[PDB]
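Student: Have a look at this one before I ask anything.
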Amino acid sequence: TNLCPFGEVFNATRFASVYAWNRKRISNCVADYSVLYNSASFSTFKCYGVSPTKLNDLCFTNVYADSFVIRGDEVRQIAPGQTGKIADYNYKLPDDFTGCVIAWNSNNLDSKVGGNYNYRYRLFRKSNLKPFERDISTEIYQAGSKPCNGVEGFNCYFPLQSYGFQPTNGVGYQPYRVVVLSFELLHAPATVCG
Amino acid sequence: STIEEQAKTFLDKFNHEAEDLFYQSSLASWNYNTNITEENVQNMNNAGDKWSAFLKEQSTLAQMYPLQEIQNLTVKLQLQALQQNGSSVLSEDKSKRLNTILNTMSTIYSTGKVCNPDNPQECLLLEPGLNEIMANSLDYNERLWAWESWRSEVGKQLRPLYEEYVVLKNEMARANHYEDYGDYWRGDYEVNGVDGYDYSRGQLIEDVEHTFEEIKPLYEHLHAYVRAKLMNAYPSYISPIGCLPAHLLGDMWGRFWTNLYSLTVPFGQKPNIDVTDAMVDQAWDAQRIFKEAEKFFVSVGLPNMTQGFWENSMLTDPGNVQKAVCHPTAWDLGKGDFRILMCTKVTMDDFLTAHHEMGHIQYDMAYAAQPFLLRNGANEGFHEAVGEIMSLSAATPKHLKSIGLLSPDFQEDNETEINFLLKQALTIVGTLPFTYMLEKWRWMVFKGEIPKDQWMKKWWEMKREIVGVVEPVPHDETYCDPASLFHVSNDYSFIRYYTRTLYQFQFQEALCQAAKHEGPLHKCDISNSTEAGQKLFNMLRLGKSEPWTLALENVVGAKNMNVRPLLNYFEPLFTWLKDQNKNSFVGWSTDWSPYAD
């Protein structure tokens, strides 16, 4: 048996953005969560529905690895039952989530002097997203009934805003690389367990 | 599809973009305050101009939304701070002339030299130069020459510029639905939209002139005692009935009376309280100063300091390879970054300074949850008050003995409390009429109440009646004495130095009474009690979202301003002063003048 590739999802050199969050289907591999608790690097390890002790005795059909980057004072919004600028416009966790949320500080790997503006997020949207839905578009949000035919002018603005990651920003603004392991049980064979 | 929803969308777009430009505008300024160099000297202007252009365009675009349709107080408060045009309503030529005058007034004050053309040795700089000859000199003519010669050159070339400034700013202010520039400056204390806590611009003068009447009593006895004591050093220049000469108050103008303590000590045989010999001998350095000052704030219940407060902060003078301007300013970079930059030295005046500048970061750490336009204190004289009561509780011999600075058995007697109280009174009481008369003069001259011919007579006419200070030589209408001050040349407000002193004693009395103390107010402390820290913190979290009257009531219980706590604080010294002033002539006469022969 092989070692399941957890180093490309947690130790990647370049992560993705929250509005266009990547999705890695990790299945038919031997996931080892025992080395995760002893890593002594996870600033936040909260599992909803499952327990860290019960994660090595249960096998899930699909372990979907949704990876993105968010702020520090913001990770609590990625949880069943929260609201904000992200939990309704970019990526909504369902209220019946049965997975875990991982995060750690990576200021020394996701920050450069003068600015690193390579990550973006949604700011304006006409509605609220359903859970587990992604929509990539730069359409201009009509805040009134003027209307606006594409020009960013009076009460019509660009939706995509950037992330200002720099070495000297605070702990609550430092990049917490988050991989939301979304365990679920389906009607297909399960072979992913430690 | 309503105004209060479009305003929210516009405010969200504004808020989620300015945080990325203000931080870079602050970082370059931090690097400059670290490094005086011609290479980085233009980054300040580039970052400031880009941010001003962003702000100017946003203010121009925000004028399309009226204020009579919004019902949300928070949204109205955020939008009112963005619709203030400022000087953008003037014409192009007038704005250019105003900018030229503003940039020339500062240059003339900064590059103005004073020297005696007949003697080569009578030349010196300002700080620590001309400010040193006026501080520790006991001569009469040496001070008279330096006092007259400063306002004969710097104060004489600013009169046309100030005359043009007054008429330009009157037109600037009359275009914004205001009356004058004085009415523009009183708009900070105006609170409207809340029932029961309404404050008007026309009530500030009534409140101040009512608070000054209760104070004048004690200042009269203090002035009488100081004038009686000064008879020993200058026996042939002061009258025992008249007033005090202007150039004998301790510094250039007379705002503070601190330097006069060395001549009018009540008890000269007692060892004064001192920690300067206590931090040099104890191997105490700027790192341990802050490491010890942290525990005082932790003891009352306040949170701990951040990680970046130690590594990015500058504490010591960075040698001679680089120049750093270290005037007292606390630095809040935003985006979760807090640092300090001070000129630390082993002295008592710097330990209390470190405590005062750590109170500032403790206050800024509280309201970080408020939006960008509301991340500020209640008003201008409100941020400097909460950082000053911490120094008052650390200099008492209950805490100085707790940190080992003072002697473990430093006796507390009636001969030490008098010495402490006189030193405390010389710096606080002596400046209130000085601030009040200057602000009244500005408000009276901006309103057109004083014509051209009495532009300089009504200055000494109120100086000789309110503060009891006469001039050594007469001045005609050509001079302009008030413009020689830094805050007047750079057009800064002055009533924030009058309101903070009144607020800081009310806060201290409320907190110490919540701290369950029994005894005189000058001996108590708030340490080792969480019920005072949690009482102050609820007020600290408010920010600009609530009116200052409500913020004051949430702690003290009175929406107005009072002087009773200050009078109770200084009653112990007033009782002894009333006894010692039996043979003196209490009060002054306005008919005396040193040149009236």
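Please note that chains go A, B, ... in the order of the structure tokens, that every chain numbers its residues from 1, and that ligands are numbered from 1 in the order shown.
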Which residues of chain B have any atom within 12 Å of an atom in chain A when counting only C-alpha atoms, and what is the closest pair of atoms for each, with the distance in Å to one decimal? Order the rows by chain and rising number and write it as a Markdown table.
Tutor:
```
| residue | atom | partner | partner_atom | distance |
| --- | --- | --- | --- | --- |
| B:1 | CA | A:144 | CA | 5.6 |
| B:2 | CA | A:144 | CA | 8.0 |
| B:3 | CA | A:144 | CA | 9.3 |
| B:4 | CA | A:143 | CA | 11.4 |
| B:5 | CA | A:143 | CA | 8.3 |
| B:6 | CA | A:143 | CA | 6.2 |
| B:7 | CA | A:155 | CA | 8.9 |
| B:8 | CA | A:143 | CA | 9.9 |
| B:9 | CA | A:143 | CA | 7.0 |
| B:10 | CA | A:155 | CA | 6.8 |
| B:11 | CA | A:155 | CA | 10.6 |
| B:12 | CA | A:123 | CA | 8.5 |
| B:13 | CA | A:157 | CA | 7.6 |
| B:14 | CA | A:157 | CA | 10.4 |
| B:15 | CA | A:123 | CA | 11.2 |
| B:16 | CA | A:161 | CA | 7.8 |
| B:17 | CA | A:161 | CA | 7.9 |
| B:18 | CA | A:164 | CA | 11.4 |
| B:19 | CA | A:164 | CA | 9.0 |
| B:20 | CA | A:164 | CA | 6.5 |
| B:21 | CA | A:164 | CA | 9.8 |
| B:22 | CA | A:164 | CA | 11.8 |
| B:23 | CA | A:169 | CA | 9.3 |
| B:24 | CA | A:114 | CA | 8.3 |
| B:25 | CA | A:114 | CA | 11.7 |
| B:27 | CA | A:168 | CA | 9.7 |
| B:28 | CA | A:114 | CA | 10.5 |
| B:57 | CA | A:153 | CA | 11.9 |
| B:58 | CA | A:154 | CA | 11.0 |
| B:60 | CA | A:154 | CA | 11.5 |
| B:61 | CA | A:154 | CA | 7.9 |
| B:62 | CA | A:154 | CA | 9.9 |
| B:63 | CA | A:154 | CA | 11.7 |
| B:64 | CA | A:154 | CA | 9.7 |
| B:65 | CA | A:155 | CA | 11.2 |
| B:306 | CA | A:170 | CA | 8.7 |
| B:307 | CA | A:171 | CA | 8.8 |
| B:308 | CA | A:168 | CA | 8.0 |
| B:309 | CA | A:170 | CA | 10.6 |
| B:311 | CA | A:168 | CA | 10.5 |
| B:312 | CA | A:168 | CA | 8.7 |
| B:313 | CA | A:168 | CA | 12.0 |
| B:332 | CA | A:170 | CA | 11.7 |
| B:333 | CA | A:169 | CA | 9.0 |
| B:334 | CA | A:169 | CA | 8.2 |
| B:335 | CA | A:169 | CA | 5.8 |
| B:336 | CA | A:170 | CA | 3.9 |
| B:337 | CA | A:170 | CA | 5.3 |
| B:338 | CA | A:170 | CA | 8.6 |
| B:339 | CA | A:168 | CA | 10.8 |
| B:365 | CA | A:170 | CA | 11.9 |
| B:368 | CA | A:172 | CA | 10.9 |
| B:369 | CA | A:73 | CA | 10.6 |
```
Student: Skipping near chain neighbours, those fewer than 6 positions away, what residues fall within 9 Å of residue 10 of chain A using only C-alpha atoms, listed as a VMD selection string?
Tutor: chain A and resid 67 177 to 179
Student: Name the residues in contact with segment 107-110 of chain A at a cut-off of 8 Å, using only C-alpha atoms, excluding same-chain residues fewer than 5 positions from it; report them as JSON, numbers by chain.
Tutor: {"A": [13, 116, 165, 166, 167, 174, 175]}
Student: Could you save the residues just selected, with C-alpha atoms, as a PDB file, in the first residue's frame?
Tutor:
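Written output follows (selection_23.pdb):
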```pdb
ATOM      1  CA  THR A  13       3.980  26.238  -2.117  1.00  0.00           C
ATOM      2  CA  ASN A 116       1.434  40.148  -1.816  1.00  0.00           C
ATOM      3  CA  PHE A 165      -0.651  39.867   2.981  1.00  0.00           C
ATOM      4  CA  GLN A 166       2.537  41.397   4.391  1.00  0.00           C
ATOM      5  CA  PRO A 167       5.071  40.207   6.986  1.00  0.00           C
ATOM      6  CA  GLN A 174      -2.155  36.707   9.010  1.00  0.00           C
ATOM      7  CA  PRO A 175      -2.826  34.054   6.333  1.00  0.00           C
TER       8      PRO A 175
END
```
Student: For atom CA of residue 54 of chain A and atom CA of residue 83 of chain A, determine how far apart the two atoms are, in Å to one decimal place.
Tutor: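 Computing the Euclidean distance for atom CA of residue 54 of chain A and atom CA of residue 83 of chain A yields 29.1 Å.
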Student: Have a look at atom CA of residue 427 of chain B and atom CA of residue 249 of chain B and let me know their distance in Å, one decimal.
Tutor: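 Distance reported for this atom pair: 11.8 Å.
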Student: Report, in Å with one decimal, the straight-line distance from atom CA of residue 180 of chain B to atom CA of residue 497 of chain B.
Tutor: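 One can read the atom CA of residue 180 of chain B to atom CA of residue 497 of chain B distance as 22.3 Å.
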Student: With only C-alpha atoms as the counted atoms, please give the residues lying no more than 7 Å from residue 61 of chain A, apart from itself and same-chain residues fewer than 3 positions off, as a tab-separated table (two decimals) with C-alpha atoms, in the first residue's frame.
Tutor:
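The resulting result-v2.tsv:
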```tsv
chain	number	residue	atom	x	y	z
A	184	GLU	CA	-19.15	12.17	3.97
A	185	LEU	CA	-20.70	8.71	3.77
A	186	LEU	CA	-22.26	7.66	0.46
A	188	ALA	CA	-20.01	3.66	-2.55
A	189	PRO	CA	-17.18	1.59	-1.04
A	190	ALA	CA	-15.06	3.29	1.62
A	191	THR	CA	-11.36	2.57	2.09
A	192	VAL	CA	-9.97	5.84	3.51
```
Student: Residues at most 12 Å from residue 449 of chain B, counting only C-alpha atoms, excluding those fewer than 6 positions away in the same chain, as a list in words?
Tutor: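 Contacts, with the query itself left out: residues 180, 440, 441, 442, 443, 455 and 458 of chain B.
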Student: Among segment 63-166 of chain A, which residues carry a DSSP assignment of strand (DSSP E or B), reported as a PyMOL selection string?
Tutor: chain A and resi 63-70+100-103+105+116+120-122+141-142+156-157+160-162+165
Student: Please list as a list in words every residue within 12 Å of residue 40 of chain A, counting only C-alpha atoms and excluding residues in the same chain fewer than 6 positions away.
Tutor: residues 34, 103, 104 and 105 of chain A
Student: Within 10 Å of residue 150 of chain B, counting only C-alpha atoms, which residues show up once you throw out same-chain ones fewer than 3 positions away? Write them as number ranges by chain, please.
Tutor: B: 112-115, 130, 145-147, 153-156, 252, 481, 484
